Amino acid sequence: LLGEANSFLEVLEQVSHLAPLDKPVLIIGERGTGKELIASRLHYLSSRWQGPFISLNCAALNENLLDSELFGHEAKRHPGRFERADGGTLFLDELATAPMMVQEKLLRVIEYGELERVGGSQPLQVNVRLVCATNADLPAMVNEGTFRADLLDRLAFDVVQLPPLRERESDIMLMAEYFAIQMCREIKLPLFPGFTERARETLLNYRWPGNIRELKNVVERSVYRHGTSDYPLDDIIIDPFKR
Ligand SMILES: Nc1ncnc2c1ncn2[C@@H]1O[C@H](COP(=O)(O)OP(=O)(O)NP(=O)(O)O)[C@@H](O)[C@H]1O
């Protein structure tokens, strides 16, 4: 993991303490800030490290498919993500998009340690360390009636706040350099020739709504379009759609 900003280093320290606990952890941060990477770090630093690490993007599925993907269904079986994570960790991304029906069912799994399994088959007991992520203001949603207060009262045992790249301004150039060098290797340039002051201004003044994912893409495209080691990279191509 790249980064020397104190805000980022404080996250890594927090994660090293939280990881060994079986308690649920909420990660708040923008897209591209490394939320999944942090969830993974929580699993690999925990006592569950040899168990499975399973992920699911709540925003990606309609209500009935999300219900079935998470909790499973009987119509043999399609095991849900809680079952597949048994003895391990389950990372639920974009939590704030989970419908209220899913949120209530999730609280039940957390409070009772089991999944309901219709009739015929006994309820399934599960043993899963939960990590969830979002960029929403969950307390505001609770006020608006779009997120369950009860779920949040129990789910947010602690909160990891990942800083956006624009608040780690020291790390922008560090990471840009790293990504430029890697792209130099990929296209066989002998040396990364540096960033001009204009390029640095462009990099540091942009707000990076896509954070680290967007930085890496921008920098790769920019090295490629530059295409030489003979002189420093001057043109940072933030928006490939205008040219
Ligand atoms: N500190 C870091 N150092 C190096 N690469 C990073 C760092 N944090 C994130 N990345 C990279 O940026 C990417 C996005 O990280 P990811 O963990 O998927 O972020 P995310 O916050 O979960 N984004 P999203 O899919 O929109 O929810 C991946 O290519 C990375 O490996």
# chains A, B, ... in the order shown; residues from 1 in each chain; ligands from 1

$ closest_atom_pairs --of "chain A" --to "ligand 1" --cutoff "8 Å" --atoms "only C-alpha atoms and all ligand atoms" --output "CSV"
residue,atom,partner,partner_atom_place_in_ligand_line,distance
A:1,CA,ligand 1,3 (N),3.9
A:2,CA,ligand 1,3 (N),3.7
A:3,CA,ligand 1,1 (N),5.5
A:8,CA,ligand 1,1 (N),7.9
A:29,CA,ligand 1,21 (O),6.4
A:30,CA,ligand 1,21 (O),6.0
A:31,CA,ligand 1,26 (O),3.6
A:32,CA,ligand 1,23 (N),3.6
A:33,CA,ligand 1,21 (O),3.9
A:34,CA,ligand 1,17 (O),3.3
A:35,CA,ligand 1,21 (O),3.8
A:36,CA,ligand 1,17 (O),3.7
A:37,CA,ligand 1,17 (O),4.0
A:38,CA,ligand 1,17 (O),6.7
A:93,CA,ligand 1,27 (O),6.3
A:94,CA,ligand 1,27 (O),6.8
A:133,CA,ligand 1,27 (O),7.5
A:134,CA,ligand 1,27 (O),7.5
A:175,CA,ligand 1,4 (C),7.2
A:210,CA,ligand 1,26 (O),7.8
A:211,CA,ligand 1,12 (O),7.6
A:212,CA,ligand 1,12 (O),4.6
A:213,CA,ligand 1,12 (O),4.3
A:214,CA,ligand 1,12 (O),8.0
A:216,CA,ligand 1,12 (O),7.5

$ write_last_selection --atoms "N, CA and C atoms" --output "PDB file, in the first residue's frame"
ATOM      1  N   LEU A   1       0.859  -1.215   0.000  1.00  0.00           N
ATOM      2  CA  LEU A   1       0.000   0.000   0.000  1.00  0.00           C
ATOM      3  C   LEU A   1       0.874   1.236   0.000  1.00  0.00           C
ATOM      4  N   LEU A   2       0.629   2.149  -0.950  1.00  0.00           N
ATOM      5  CA  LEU A   2       1.337   3.432  -1.049  1.00  0.00           C
ATOM      6  C   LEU A   2       0.691   4.470  -0.141  1.00  0.00           C
ATOM      7  N   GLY A   3       1.508   5.346   0.412  1.00  0.00           N
ATOM      8  CA  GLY A   3       1.022   6.448   1.221  1.00  0.00           C
ATOM      9  C   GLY A   3       1.861   6.692   2.461  1.00  0.00           C
ATOM     10  N   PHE A   8      -3.502   8.773   6.344  1.00  0.00           N
ATOM     11  CA  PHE A   8      -3.417   7.369   5.907  1.00  0.00           C
ATOM     12  C   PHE A   8      -2.696   6.436   6.844  1.00  0.00           C
ATOM     13  N   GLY A  29     -15.689   6.004   2.883  1.00  0.00           N
ATOM     14  CA  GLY A  29     -14.772   6.662   1.960  1.00  0.00           C
ATOM     15  C   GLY A  29     -15.320   6.726   0.566  1.00  0.00           C
ATOM     16  N   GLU A  30     -14.754   7.627  -0.221  1.00  0.00           N
ATOM     17  CA  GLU A  30     -15.128   7.799  -1.612  1.00  0.00           C
ATOM     18  C   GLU A  30     -14.732   6.631  -2.477  1.00  0.00           C
ATOM     19  N   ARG A  31     -15.303   6.567  -3.677  1.00  0.00           N
ATOM     20  CA  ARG A  31     -14.842   5.540  -4.612  1.00  0.00           C
ATOM     21  C   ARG A  31     -13.350   5.686  -4.877  1.00  0.00           C
ATOM     22  N   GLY A  32     -12.666   4.552  -5.074  1.00  0.00           N
ATOM     23  CA  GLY A  32     -11.268   4.573  -5.392  1.00  0.00           C
ATOM     24  C   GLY A  32     -10.290   4.901  -4.291  1.00  0.00           C
ATOM     25  N   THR A  33     -10.740   4.896  -3.046  1.00  0.00           N
ATOM     26  CA  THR A  33      -9.912   5.236  -1.927  1.00  0.00           C
ATOM     27  C   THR A  33      -9.254   4.081  -1.276  1.00  0.00           C
ATOM     28  N   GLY A  34      -9.600   2.879  -1.687  1.00  0.00           N
ATOM     29  CA  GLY A  34      -8.987   1.673  -1.173  1.00  0.00           C
ATOM     30  C   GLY A  34      -9.795   0.942  -0.112  1.00  0.00           C
ATOM     31  N   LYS A  35     -11.130   1.047  -0.155  1.00  0.00           N
ATOM     32  CA  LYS A  35     -11.980   0.429   0.862  1.00  0.00           C
ATOM     33  C   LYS A  35     -11.889  -1.075   0.821  1.00  0.00           C
ATOM     34  N   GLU A  36     -11.949  -1.661  -0.360  1.00  0.00           N
ATOM     35  CA  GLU A  36     -11.796  -3.106  -0.468  1.00  0.00           C
ATOM     36  C   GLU A  36     -10.423  -3.601  -0.017  1.00  0.00           C
ATOM     37  N   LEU A  37      -9.375  -2.848  -0.345  1.00  0.00           N
ATOM     38  CA  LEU A  37      -8.022  -3.169   0.071  1.00  0.00           C
ATOM     39  C   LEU A  37      -7.916  -3.156   1.585  1.00  0.00           C
ATOM     40  N   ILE A  38      -8.586  -2.205   2.245  1.00  0.00           N
ATOM     41  CA  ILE A  38      -8.618  -2.146   3.702  1.00  0.00           C
ATOM     42  C   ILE A  38      -9.399  -3.318   4.313  1.00  0.00           C
ATOM     43  N   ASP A  93     -19.959  -3.942   0.133  1.00  0.00           N
ATOM     44  CA  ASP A  93     -19.692  -2.607  -0.377  1.00  0.00           C
ATOM     45  C   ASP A  93     -20.976  -1.892  -0.776  1.00  0.00           C
ATOM     46  N   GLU A  94     -20.928  -0.594  -0.813  1.00  0.00           N
ATOM     47  CA  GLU A  94     -22.102   0.276  -1.081  1.00  0.00           C
ATOM     48  C   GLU A  94     -23.341  -0.064  -0.192  1.00  0.00           C
ATOM     49  N   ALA A 133     -18.725  -1.058   3.672  1.00  0.00           N
ATOM     50  CA  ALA A 133     -18.250   0.233   3.147  1.00  0.00           C
ATOM     51  C   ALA A 133     -19.306   1.046   2.496  1.00  0.00           C
ATOM     52  N   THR A 134     -19.127   2.354   2.522  1.00  0.00           N
ATOM     53  CA  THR A 134     -20.014   3.303   1.860  1.00  0.00           C
ATOM     54  C   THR A 134     -19.398   4.702   1.846  1.00  0.00           C
ATOM     55  N   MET A 175       2.285   8.694  -5.426  1.00  0.00           N
ATOM     56  CA  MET A 175       1.601   7.690  -6.145  1.00  0.00           C
ATOM     57  C   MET A 175       1.686   7.918  -7.654  1.00  0.00           C
ATOM     58  N   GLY A 210     -12.475  10.313  -8.483  1.00  0.00           N
ATOM     59  CA  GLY A 210     -12.285   8.869  -8.575  1.00  0.00           C
ATOM     60  C   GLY A 210     -11.071   8.375  -7.774  1.00  0.00           C
ATOM     61  N   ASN A 211     -10.433   9.286  -7.062  1.00  0.00           N
ATOM     62  CA  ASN A 211      -9.287   9.015  -6.184  1.00  0.00           C
ATOM     63  C   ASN A 211      -8.199   8.163  -6.821  1.00  0.00           C
ATOM     64  N   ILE A 212      -7.777   7.093  -6.152  1.00  0.00           N
ATOM     65  CA  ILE A 212      -6.595   6.380  -6.591  1.00  0.00           C
ATOM     66  C   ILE A 212      -6.816   5.604  -7.869  1.00  0.00           C
ATOM     67  N   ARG A 213      -8.013   5.066  -8.092  1.00  0.00           N
ATOM     68  CA  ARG A 213      -8.291   4.392  -9.350  1.00  0.00           C
ATOM     69  C   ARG A 213      -8.151   5.348 -10.541  1.00  0.00           C
ATOM     70  N   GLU A 214      -8.682   6.548 -10.382  1.00  0.00           N
ATOM     71  CA  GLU A 214      -8.625   7.599 -11.405  1.00  0.00           C
ATOM     72  C   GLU A 214      -7.208   8.149 -11.580  1.00  0.00           C
ATOM     73  N   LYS A 216      -4.376   6.524 -11.147  1.00  0.00           N
ATOM     74  CA  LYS A 216      -3.586   5.526 -11.870  1.00  0.00           C
ATOM     75  C   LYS A 216      -3.923   5.569 -13.387  1.00  0.00           C
TER      76      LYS A 216
END

$ residues_around --residues "residue A:207" --least-positions-apart "6" --cutoff "10 Å" --atoms "only C-alpha atoms" --output "list in words"
residues 164, 165, 166, 167 and 169 of chain A

$ write_last_selection --atoms "C-alpha atoms" --output "PDB file, in the first residue's frame"
ATOM      1  CA  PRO A 164      -9.799  11.094  -0.254  1.00  0.00           C
ATOM      2  CA  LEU A 165      -6.681  11.712  -2.284  1.00  0.00           C
ATOM      3  CA  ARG A 166      -7.268  15.498  -2.240  1.00  0.00           C
ATOM      4  CA  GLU A 167      -6.828  15.374   1.584  1.00  0.00           C
ATOM      5  CA  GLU A 169      -2.098  15.988  -1.045  1.00  0.00           C
TER       6      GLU A 169
END

$ closest_residue --among "A:18, A:140, A:181, A:124" --to "residue A:72" --atoms "only C-alpha atoms"
A:124

$ select_by_dssp --residues "stretch 102-213 of chain A" --states "alpha helix (DSSP H)" --output "ChimeraX atom specification"
/A:102-112,138-144,149-155,169-186,197-205,211-213

$ closest_residue --among "A:71, A:206, A:224, A:147" --to "residue A:186" --atoms "only C-alpha atoms"
A:224

$ residues_around --residues "residue A:49" --least-positions-apart "4" --cutoff "12 Å" --atoms "only C-alpha atoms" --output "short mmCIF file (atom, residue, chain, number, x, y, z; two decimals) with C-alpha atoms, in the first residue's frame"
data_model
loop_
_atom_site.label_atom_id
_atom_site.label_comp_id
_atom_site.auth_asym_id
_atom_site.auth_seq_id
_atom_site.Cartn_x
_atom_site.Cartn_y
_atom_site.Cartn_z
CA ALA A 19 -8.34 -6.61 12.68
CA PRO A 20 -8.01 -9.18 15.54
CA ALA A 39 -11.33 -4.81 4.17
CA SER A 40 -8.83 -7.33 2.82
CA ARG A 41 -6.17 -6.09 5.23
CA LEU A 42 -8.64 -6.53 8.14
CA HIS A 43 -9.17 -10.16 7.08
CA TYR A 44 -5.45 -11.00 6.56
CA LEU A 45 -4.38 -9.43 9.84
CA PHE A 53 -12.64 -13.40 2.15
CA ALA A 85 -17.87 -16.66 4.20
CA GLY A 87 -15.25 -18.97 9.28
CA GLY A 88 -14.00 -15.97 7.35
CA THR A 89 -14.90 -12.37 6.51
CA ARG A 129 -16.71 -11.30 10.56
#

$ decode --residues "stretch 64-186 of chain A" --atoms "C-alpha atoms" --output "PDB file, in the first residue's frame"
ATOM      1  CA  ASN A  64     -34.681  -9.812  -4.835  1.00  0.00           C
ATOM      2  CA  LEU A  65     -31.333 -10.807  -6.296  1.00  0.00           C
ATOM      3  CA  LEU A  66     -29.467  -9.101  -3.426  1.00  0.00           C
ATOM      4  CA  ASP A  67     -31.654 -10.936  -0.871  1.00  0.00           C
ATOM      5  CA  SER A  68     -30.906 -14.275  -2.529  1.00  0.00           C
ATOM      6  CA  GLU A  69     -27.175 -13.541  -3.101  1.00  0.00           C
ATOM      7  CA  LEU A  70     -26.610 -12.586   0.538  1.00  0.00           C
ATOM      8  CA  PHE A  71     -28.899 -14.926   2.394  1.00  0.00           C
ATOM      9  CA  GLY A  72     -29.169 -17.718  -0.216  1.00  0.00           C
ATOM     10  CA  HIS A  73     -32.316 -19.512  -1.523  1.00  0.00           C
ATOM     11  CA  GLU A  74     -34.075 -22.984  -1.749  1.00  0.00           C
ATOM     12  CA  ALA A  75     -36.337 -22.614  -4.935  1.00  0.00           C
ATOM     13  CA  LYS A  76     -30.256 -27.925  -5.058  1.00  0.00           C
ATOM     14  CA  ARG A  77     -29.237 -25.001  -2.785  1.00  0.00           C
ATOM     15  CA  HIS A  78     -27.737 -21.703  -3.888  1.00  0.00           C
ATOM     16  CA  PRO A  79     -25.600 -20.768  -0.880  1.00  0.00           C
ATOM     17  CA  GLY A  80     -25.503 -17.076  -0.110  1.00  0.00           C
ATOM     18  CA  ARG A  81     -22.465 -14.943   0.643  1.00  0.00           C
ATOM     19  CA  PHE A  82     -22.898 -15.345   4.462  1.00  0.00           C
ATOM     20  CA  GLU A  83     -22.637 -19.155   4.008  1.00  0.00           C
ATOM     21  CA  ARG A  84     -19.662 -18.933   1.744  1.00  0.00           C
ATOM     22  CA  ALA A  85     -17.873 -16.660   4.205  1.00  0.00           C
ATOM     23  CA  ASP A  86     -18.411 -19.037   7.155  1.00  0.00           C
ATOM     24  CA  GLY A  87     -15.246 -18.971   9.281  1.00  0.00           C
ATOM     25  CA  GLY A  88     -14.005 -15.975   7.355  1.00  0.00           C
ATOM     26  CA  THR A  89     -14.900 -12.372   6.509  1.00  0.00           C
ATOM     27  CA  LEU A  90     -17.652 -10.871   4.328  1.00  0.00           C
ATOM     28  CA  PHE A  91     -17.122  -7.408   2.832  1.00  0.00           C
ATOM     29  CA  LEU A  92     -20.353  -5.612   1.831  1.00  0.00           C
ATOM     30  CA  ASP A  93     -19.692  -2.607  -0.377  1.00  0.00           C
ATOM     31  CA  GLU A  94     -22.102   0.276  -1.081  1.00  0.00           C
ATOM     32  CA  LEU A  95     -24.105  -0.669   2.049  1.00  0.00           C
ATOM     33  CA  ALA A  96     -26.244   2.418   1.871  1.00  0.00           C
ATOM     34  CA  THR A  97     -27.954   1.116  -1.249  1.00  0.00           C
ATOM     35  CA  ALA A  98     -29.178  -2.029   0.575  1.00  0.00           C
ATOM     36  CA  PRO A  99     -33.014  -1.969   0.620  1.00  0.00           C
ATOM     37  CA  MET A 100     -34.708  -1.699   4.013  1.00  0.00           C
ATOM     38  CA  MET A 101     -35.774  -5.354   3.782  1.00  0.00           C
ATOM     39  CA  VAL A 102     -32.181  -6.445   3.403  1.00  0.00           C
ATOM     40  CA  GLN A 103     -31.005  -4.164   6.189  1.00  0.00           C
ATOM     41  CA  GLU A 104     -33.504  -5.690   8.682  1.00  0.00           C
ATOM     42  CA  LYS A 105     -32.470  -9.190   7.737  1.00  0.00           C
ATOM     43  CA  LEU A 106     -28.822  -8.264   8.028  1.00  0.00           C
ATOM     44  CA  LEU A 107     -29.353  -6.938  11.593  1.00  0.00           C
ATOM     45  CA  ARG A 108     -30.933 -10.255  12.491  1.00  0.00           C
ATOM     46  CA  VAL A 109     -27.956 -12.181  11.220  1.00  0.00           C
ATOM     47  CA  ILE A 110     -25.623  -9.990  13.223  1.00  0.00           C
ATOM     48  CA  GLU A 111     -27.694 -10.149  16.417  1.00  0.00           C
ATOM     49  CA  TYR A 112     -28.668 -13.865  16.289  1.00  0.00           C
ATOM     50  CA  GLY A 113     -25.802 -15.533  14.398  1.00  0.00           C
ATOM     51  CA  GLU A 114     -28.113 -17.351  11.973  1.00  0.00           C
ATOM     52  CA  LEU A 115     -29.890 -17.261   8.641  1.00  0.00           C
ATOM     53  CA  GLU A 116     -33.555 -18.258   8.297  1.00  0.00           C
ATOM     54  CA  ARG A 117     -34.001 -21.241   5.910  1.00  0.00           C
ATOM     55  CA  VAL A 118     -37.750 -21.303   5.047  1.00  0.00           C
ATOM     56  CA  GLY A 119     -39.459 -24.567   6.240  1.00  0.00           C
ATOM     57  CA  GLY A 120     -38.205 -28.139   6.192  1.00  0.00           C
ATOM     58  CA  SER A 121     -34.535 -27.189   6.605  1.00  0.00           C
ATOM     59  CA  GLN A 122     -33.252 -25.969  10.027  1.00  0.00           C
ATOM     60  CA  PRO A 123     -31.926 -22.343  10.246  1.00  0.00           C
ATOM     61  CA  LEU A 124     -28.227 -22.105   9.361  1.00  0.00           C
ATOM     62  CA  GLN A 125     -25.821 -20.842  12.022  1.00  0.00           C
ATOM     63  CA  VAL A 126     -23.076 -18.658  10.560  1.00  0.00           C
ATOM     64  CA  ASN A 127     -19.759 -17.383  11.854  1.00  0.00           C
ATOM     65  CA  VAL A 128     -18.681 -14.430   9.786  1.00  0.00           C
ATOM     66  CA  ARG A 129     -16.708 -11.303  10.555  1.00  0.00           C
ATOM     67  CA  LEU A 130     -18.428  -8.439   8.786  1.00  0.00           C
ATOM     68  CA  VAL A 131     -16.854  -5.438   7.130  1.00  0.00           C
ATOM     69  CA  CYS A 132     -18.992  -2.904   5.278  1.00  0.00           C
ATOM     70  CA  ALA A 133     -18.250   0.233   3.147  1.00  0.00           C
ATOM     71  CA  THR A 134     -20.014   3.303   1.860  1.00  0.00           C
ATOM     72  CA  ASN A 135     -19.600   7.036   1.073  1.00  0.00           C
ATOM     73  CA  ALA A 136     -23.046   7.953   2.313  1.00  0.00           C
ATOM     74  CA  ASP A 137     -23.777   9.853   5.519  1.00  0.00           C
ATOM     75  CA  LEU A 138     -25.515   6.943   7.309  1.00  0.00           C
ATOM     76  CA  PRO A 139     -26.652   9.104  10.241  1.00  0.00           C
ATOM     77  CA  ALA A 140     -28.364  11.458   7.769  1.00  0.00           C
ATOM     78  CA  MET A 141     -30.023   8.513   6.069  1.00  0.00           C
ATOM     79  CA  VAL A 142     -31.222   7.243   9.379  1.00  0.00           C
ATOM     80  CA  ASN A 143     -32.927  10.625   9.902  1.00  0.00           C
ATOM     81  CA  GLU A 144     -34.444  10.456   6.427  1.00  0.00           C
ATOM     82  CA  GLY A 145     -35.825   6.984   7.074  1.00  0.00           C
ATOM     83  CA  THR A 146     -33.691   5.285   4.374  1.00  0.00           C
ATOM     84  CA  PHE A 147     -31.278   3.481   6.700  1.00  0.00           C
ATOM     85  CA  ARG A 148     -32.252   1.532   9.808  1.00  0.00           C
ATOM     86  CA  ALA A 149     -31.182   3.155  13.057  1.00  0.00           C
ATOM     87  CA  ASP A 150     -31.086  -0.270  14.755  1.00  0.00           C
ATOM     88  CA  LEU A 151     -28.743  -1.704  12.181  1.00  0.00           C
ATOM     89  CA  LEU A 152     -26.397   1.262  12.429  1.00  0.00           C
ATOM     90  CA  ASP A 153     -26.528   1.164  16.329  1.00  0.00           C
ATOM     91  CA  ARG A 154     -25.084  -2.369  16.029  1.00  0.00           C
ATOM     92  CA  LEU A 155     -23.137  -2.458  12.851  1.00  0.00           C
ATOM     93  CA  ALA A 156     -20.855   0.559  13.397  1.00  0.00           C
ATOM     94  CA  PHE A 157     -18.791  -0.975  16.286  1.00  0.00           C
ATOM     95  CA  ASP A 158     -16.079   1.225  14.903  1.00  0.00           C
ATOM     96  CA  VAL A 159     -15.538   3.344  11.854  1.00  0.00           C
ATOM     97  CA  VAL A 160     -12.512   3.607   9.555  1.00  0.00           C
ATOM     98  CA  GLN A 161     -12.545   6.888   7.634  1.00  0.00           C
ATOM     99  CA  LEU A 162     -10.406   6.650   4.504  1.00  0.00           C
ATOM    100  CA  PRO A 163      -9.217  10.074   3.393  1.00  0.00           C
ATOM    101  CA  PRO A 164      -9.799  11.094  -0.254  1.00  0.00           C
ATOM    102  CA  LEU A 165      -6.681  11.712  -2.284  1.00  0.00           C
ATOM    103  CA  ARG A 166      -7.268  15.498  -2.240  1.00  0.00           C
ATOM    104  CA  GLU A 167      -6.828  15.374   1.584  1.00  0.00           C
ATOM    105  CA  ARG A 168      -3.592  13.308   1.294  1.00  0.00           C
ATOM    106  CA  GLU A 169      -2.098  15.988  -1.045  1.00  0.00           C
ATOM    107  CA  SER A 170       1.393  14.756  -0.171  1.00  0.00           C
ATOM    108  CA  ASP A 171       0.565  11.305  -1.545  1.00  0.00           C
ATOM    109  CA  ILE A 172      -0.647  12.496  -5.003  1.00  0.00           C
ATOM    110  CA  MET A 173       2.875  12.996  -6.348  1.00  0.00           C
ATOM    111  CA  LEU A 174       4.230   9.907  -4.598  1.00  0.00           C
ATOM    112  CA  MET A 175       1.601   7.690  -6.145  1.00  0.00           C
ATOM    113  CA  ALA A 176       1.722   9.469  -9.535  1.00  0.00           C
ATOM    114  CA  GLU A 177       5.439   8.790  -9.709  1.00  0.00           C
ATOM    115  CA  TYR A 178       4.916   5.139  -8.800  1.00  0.00           C
ATOM    116  CA  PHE A 179       2.199   4.630 -11.409  1.00  0.00           C
ATOM    117  CA  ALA A 180       4.176   6.483 -14.092  1.00  0.00           C
ATOM    118  CA  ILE A 181       7.225   4.248 -13.511  1.00  0.00           C
ATOM    119  CA  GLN A 182       5.094   1.107 -13.779  1.00  0.00           C
ATOM    120  CA  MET A 183       3.616   2.387 -17.051  1.00  0.00           C
ATOM    121  CA  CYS A 184       7.132   3.135 -18.290  1.00  0.00           C
ATOM    122  CA  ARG A 185       7.992  -0.518 -17.737  1.00  0.00           C
ATOM    123  CA  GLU A 186       4.844  -1.637 -19.516  1.00  0.00           C
TER     124      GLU A 186
END
